[PDB]
């Protein structure tokens, strides 16, 4: 419940500041958050290109999110392209709130979970899983 989630969240944070972690799941979350910030800093110019090639409206269809993201994996999966996929989704959500349509955020989140579980999870499983991501780029 509420108080428990607050405790876990705060402790995960304080631990992460010293390079430690609350749980394997927290370690994955924190590593992904961190890889995203670093991706966005290292590829700032390119980040812009990817995010200005999709305007989200309440009209845009999933199949169209899918074909943009497909362009990103035009070279097949690696961990960095997966991080880029998360950053792309994140930038979509931010633009949606900028444009006063935070109601789109939950749809984008569903789209991301769909793409992840359909296309990407089978690769992730084959490549050591998220725990392996943490070992490499955590």
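Just so we're on the same page, rigid core means the largest C-alpha set that superposes within 1.5 Å between forms. Residue numbers count along the first chain shown, from 1.
field: Stretch farther from the shown model on average in 5 other deposited structures of this protein, with CA RMS computed after core superposition (10-18, 120-128)
entry: Relative to the shown form, the greater RMS C-alpha distance in 5 other deposited structures of this protein belongs to 120-128.
task: Once the rigid core is lined up, would you tell me whether 103-111 or 73-81 has the higher RMS CA deviation in 5 other deposited structures of this protein?
output: Between 103-111 and 73-81, the one lying farther away in 5 other deposited structures of this protein is 103-111.
- request: Would you mind comparing 82-90 and 40-48 for me and telling me which has the higher average C-alpha temperature factor in the entry?
  value: On average, C-alpha B-factors are higher across 40-48.
Average Cα temperature factor in the PDB entry - higher stretch of 106-114, 65-73: According to the entry, 65-73 carries the higher average C-alpha B-factor.
query: Among the chain's modelled residues, which third holds the C-alpha B-factor of residue 35?
result: Ranked within chain, residue 35 CA B lands in the lowest tercile.
message: Ranking the modelled residues of this chain by C-alpha B-factor as given in the entry, is residue 101 in the lowest, middle or highest third?
response: For residue 101, the deposited C-alpha B-factor lands in the highest third.
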